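Undergrad: everything below, folded, please.
(one chain, ligands or ions: 1)
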Amino acid sequence: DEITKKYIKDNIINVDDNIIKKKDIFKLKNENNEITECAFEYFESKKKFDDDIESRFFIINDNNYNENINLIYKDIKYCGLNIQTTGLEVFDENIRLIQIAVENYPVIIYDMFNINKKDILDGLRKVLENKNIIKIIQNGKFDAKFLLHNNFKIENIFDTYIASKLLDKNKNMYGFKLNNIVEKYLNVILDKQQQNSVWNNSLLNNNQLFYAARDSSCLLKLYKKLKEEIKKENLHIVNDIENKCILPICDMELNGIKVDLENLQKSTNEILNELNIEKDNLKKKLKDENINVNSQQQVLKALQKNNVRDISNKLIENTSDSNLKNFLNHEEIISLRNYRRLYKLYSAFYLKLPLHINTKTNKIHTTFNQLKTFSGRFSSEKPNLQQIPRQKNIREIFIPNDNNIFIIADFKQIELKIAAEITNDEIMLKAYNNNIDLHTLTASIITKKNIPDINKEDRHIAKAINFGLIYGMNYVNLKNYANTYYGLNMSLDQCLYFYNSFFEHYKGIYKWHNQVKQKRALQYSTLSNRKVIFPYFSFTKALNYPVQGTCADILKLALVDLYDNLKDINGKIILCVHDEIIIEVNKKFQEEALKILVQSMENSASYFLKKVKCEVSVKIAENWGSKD
Ligand SMILES: Nc1nc2c(ncn2[C@H]2C[C@H](O)[C@@H](COP(=O)(O)OP(=O)(O)OP(=O)(O)O)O2)c(=O)[nH]1
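TA: Numbering: from 1, shown residues only. Take a look:
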């Protein structure tokens with residue numbers, strides 16, 4: 001019908017009217033700084049939405065091009081950006097639309113499925129590339145991924161989701177969407193009632209495009225209010241370091257890690273054979289064939305029937321790790337514990353990894369999130385890298401690409417140096433500037449020997465005690481923490497002595513603990529002014545938030561610097577777990593790459609920490625599970 005196809009020539013299809021062609025003159029500035037009168041084509045809704053946000057929008061394709069449209073991009077400082085994609089997998093779908101939103105102008109929309117002239121997008125390439133112009137984005141990581149994959153270079157960025165999360169101070173975990181944020185700040189309802197209609201089809205109806213436009217132009221006023229608001233609370237440093245981290249994160253996402261398929265297969269065979277041997281051995285020990293073995297209740301019943309007791313002649317009621325640690329003087333339970341370990345490992349890693357390896361590229365593309373965790377420390381998803389074990393043989397499955405070499409670098413006691421910095425502890429700094437590790441100092445004071453006389457056992461003891469007491473755990477519970485994460489059995493009197501000696505010398509830690517404990521504060525901050533509020537007091541959280549947040553800030557700045565510094569050599573950033581950064585570089589540029597990473601990490605550390613000096617270790621690794 002003519003009603004439906006009233007604008008078919010320009011790719012638009014009518015559904016419910018509410019669309020009218022309109023033409024008017026736009027007083028732009030010419031390239032020669034001359035007020036030039038040019039008439040443009042722009043659509044509008046018949047029924048005016050109750051919102052005052054801009055709804056006027058151009059649409060650009062092969063035949064509708066006007067060479068003067070790019071003049072809107074001259075002499076701007078901010079533009080509003082929005083894109084849409086048919087699906088969710090960056091490596092299986094195509095971008096559908098690009099939308100630009102400039103102040104006091106209509107939306108500029110490029111219909112990606114009808115831009116066959118590569119010359120049309122030159123202005124877009126300029127605006128994306130220019131470093132002096134800010135781009136406003138919502139969920140900027142997604143759009144940066146989709147643009148970077150498709151040969152688009154973007155330099156500046158200011159994401160609204162980051163600013164909202166930082167402003168909310170981690171009060172709540174949900175929300176932070178365009179509807180929520182616009183209703184929260186600008187006092188307007190977007191009526192986002194579109195249920196994700198199809199996008200594969202070439203043509204687009206009026207409602208889809210109008211919903212798309214309002215989602216773009218609305219970012220300008222939100223930016224104009226949010227920027228001032230963030231300036232009020234002094235969160236500009238963390239916001240700038242976060243926004244600059246979108247592009248390093250996207251590069252990390254799109255690189256991924258290769259996997260040695262052959263070695264993975266061999267490992268799977270060997271581990272399955274060992275697991276089967278262990279299962280047969282436990283079944284022989286369990287004296288049952290139909291025993292489910294995986295079934296906790298049935299194995300508990302089997303142990304009860306066998307009557308495996310404690311040293312105090314007490315029977316097992318539960319097969320948890322802590323309970324299992326108590327019962328160790330039986331071959332049966334030892335074999336059971338071996339089954340627990342082996343099955344946990346196999347099920348967690350080997351049977352689960354293959355579902356994620358992309359057949360087309362033969363890589364694992366982990367998903368990184370940046371503001372989900374309260375500490376600000378990064379996180380992984382789908383294949384969770386924090387869950388991939390640290391075993392050396394297992395970690396060898398991840399190898400660098402063909403004719404390329406890994407360069408693994410990491411800190412060492414970064415959080416301890418950060419704590420010394422923030423608390424202004426005296427002995428700690430006076431030891432660090434003499435180039436001695438805090439573990440060694442603690443071991444020396446503990447053992448009352450000289451520096452050269454400290455062994456590895458006391459070093460491990462100090463390694464435990466430092467983490468135990470720096471974050472203010474009560475003296476009683478210290479035995480459990482060492483048991484849980486180190487396994488050493490400490491005597492209560494010995495632990496009390498350790499606590500007393502520790503707090504007798506380190507005045508700074510005691511002072512900071514006393515101040516924050518008597519204060520009973522609900523708001524805390526880090527050196528990057530990253531503020532967070534707790535609903536009710538938690539001493540452990542109160543002491544743990546500042547240091548961890550600061551270390552997250554240092555690592556984030558290091559990534560941002562490394563992203564820039566490696567583009568002369570074309571080195572790619574791979575992965576970041578805890579306090580490691582891995583890069584790939586072709587072997588022809590190894591020596592320069594090591595120096596570049598050392599410089600970047602050193603400068604990033606030195607920016608915030610201004611009294612103590614951080615030292616980074618780098619090893620030219622052939623695989624992630626390299627000798628250590
Ligand atoms: N003992 C211990 N320290 C941790 C852990 N997670 C973080 N840390 C802190 C201090 C670590 O040096 C760093 C984690 O990276 P590392 O490569 O140093 O781990 P790791 O303690 O295994 O180093 P190392 O065995 O001495 O080569 O962040 C943990 O789970 N256990």
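Undergrad: C-alpha from now on. contacts and neighbour counts both.
TA: OK.
Undergrad: how many residues are close by the residue in the stretch 401-550 of the chain that the ligand sits nearest to?
TA: Per CA to the nearest ligand atom, residue 412 is where the stretch 401-550 of the chain lies closest to the ligand, at 4.8 Å. Residue 412: 14 surrounding residues under other CA atoms under 10 Å.
Undergrad: equivalent analysis for residue 6, please.
TA: As a burial measure, the neighbour count of residue 6 was computed by other CA under 10 Å and equals 17.
Undergrad: and for residue 582?
TA: Other residues within reach of residue 582 by the criterion other CA under 10 Å amount to 20.
Undergrad: in contact with the nearest residue to it once chain neighbours are set aside, which residues are there?
TA: Residue nearest to residue 582 in three dimensions, not counting chain neighbours: residue 408, with 4.7 Å by CA to CA, 6 or more residues apart in numbering. Neighbouring residues of residue 408 by CA atoms under 8 Å, 6 or more residues apart in numbering: 580, 581, 582, 583, 618, 619, 620, 621, 624.
Undergrad: about what we covered before: okay, now the closest residue to the residue of the stretch 401-550 of the chain closest to the ligand other than its chain neighbours: neighbour count?
TA: Closest residue in space to residue 412, ignoring its immediate chain neighbours: residue 616 at 7.0 Å, by CA to CA, 6+ apart. Neighbouring residues of residue 616 were enumerated by other CA under 10 Å; the total is 16.
Undergrad: quick one: residue 616 from the ligand, how far?
TA: Distance, residue 616 to the ligand, using CA to the nearest ligand atom, to the nearest Å: 11 Å.
Undergrad: check contacts around that residue.
TA: Counted by CA under 8 Å, 6+ apart, residue 616 has contacts 409, 410, 411, 412, 598, 601, 602.
Undergrad: same thing with residue 611?
TA: Applying CA under 8 Å, 6+ apart, the residues near residue 611 are 421, 429.
Undergrad: all the strands of the stretch 501-628 of the chain, residue numbers only.
TA: Per DSSP state E, counting those that start in this stretch, the stretch 501-628 of the chain carries strands over the ranges 523-524, 532-533, 572-575, 580-585, 617-619.
Undergrad: mind listing residues that contact the longest one?
TA: Right, the one you point to is strand 580-585. Counting by CA under 8 Å, 6+ apart, the neighbours of strand 580-585 from elsewhere in the structure are 400, 404-411, 569-576, 593.
Undergrad: over to the last one?
TA: Outside strand 617-619, the residues that touch it by CA under 8 Å, 6+ apart are 407, 408, 409, 410, 411, 412, 594, 598.
Undergrad: just the buried ones among these, please.
TA: Among those, those scoring as buried are 407, 408, 409, 410, 411, 594, 598 (criterion: 16 or more other CA atoms under 10 Å).
Undergrad: re the thing from before, touching, the residue of the stretch 401-550 of the chain closest to the ligand and residue 605? I think so.
TA: No: Residue 412 is not in contact with residue 605 according to CA atoms under 8 Å; the separation is 12.0 Å.
Undergrad: before we move on, the earlier item: possible to save the contacts of strand 617-619 as JSON lines with secondary structure?
TA: Rendered in JSON lines, the data for the contacts of strand 617-619 read as follows (DSSP: H, G, I helix; E, B strand; the rest coil):
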{"residue": "407", "secondary structure": "strand"}
{"residue": "408", "secondary structure": "strand"}
{"residue": "409", "secondary structure": "strand"}
{"residue": "410", "secondary structure": "strand"}
{"residue": "411", "secondary structure": "coil"}
{"residue": "412", "secondary structure": "coil"}
{"residue": "594", "secondary structure": "helix"}
{"residue": "598", "secondary structure": "helix"}
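Undergrad: just flag the most distant two among these.
TA: For the contacts of strand 617-619, the maximum inter-member distance is 17.2 Å, found between 412 and 594 (CA to CA).
Undergrad: quick one, helices of the stretch 301-450 of the chain?
TA: Using DSSP state H, counting those that start in this stretch, the helices found in the stretch 301-450 of the chain span residues 321-326, 331-345, 392-395, 414-423, 426-432, 438-447.
Undergrad: which strands and helices sit next to the fourth one?
TA: Here helix 414-423 touches helix 426-432, helix 507-519, helix 539-565, going by 3 or more CA pairs under 8 Å, 6 or more residues apart in numbering; DSSP states H and E.
Undergrad: of all the ones you listed, which one comes closest to residue 326?
TA: Nearest to residue 326, of those and by CA to CA, is helix 539-565 at 27.7 Å.
Undergrad: what's the neighbour count on residue 140?
TA: Neighbour tally, residue 140, other CA under 10 Å: 22.
Undergrad: and if you look at residue 341?
TA: Here the number of neighbours of residue 341 (other CA under 10 Å) works out to 13.
Undergrad: again, but for residue 290
TA: 7.
Undergrad: could you report the distance from it to the ligand?
TA: Using CA to the nearest ligand atom, residue 290 is found at 39 Å from the ligand.
Undergrad: ok, that residue - contacts?
TA: Residues touching residue 290, when contacts are defined by CA under 8 Å, 6+ apart, are absent altogether.
Undergrad: ok, now how distant is it from residue 211?
TA: Computed as CA to CA, to the nearest Å, the residue 290 to residue 211 distance reads 61 Å.
Undergrad: now for whichever residue of the stretch 151-300 of the chain sits closest to the ligand: which residues touch it?
TA: In the stretch 151-300 of the chain, no residue comes nearer to the ligand than residue 257, which is 18.6 Å away by CA to the nearest ligand atom. With contact set as CA under 8 Å, 6+ apart, residue 257 has these partners: 363, 364, 365, 398, 399, 400, 574, 575.
Undergrad: got a markdown table for these, with distance to the ligand and neighbour count too?
TA: Compiled in a markdown table, the contacts of residue 257 are given as follows (distance: CA to the nearest ligand atom, whole Å; neighbours: other CA atoms under 10 Å):
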| residue | distance to the ligand | neighbour count |
| --- | --- | --- |
| 363 | 23 | 18 |
| 364 | 21 | 23 |
| 365 | 22 | 19 |
| 398 | 17 | 20 |
| 399 | 18 | 19 |
| 400 | 19 | 22 |
| 574 | 16 | 21 |
| 575 | 13 | 20 |
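Undergrad: which among these gets closest to residue 58?
TA: Using CA to CA as the measure, the one of the contacts of residue 257 that approaches residue 58 most closely is residue 365, at 36.6 Å.
Undergrad: neighbours around the closest residue to that closest one other than its chain neighbours, how many?
TA: In space, and not counting its chain neighbours, residue 365 is closest to residue 256: 4.7 Å by CA to CA, 6+ apart. One way to gauge burial is a neighbour count; for residue 256, by other CA under 10 Å, it gives 18.
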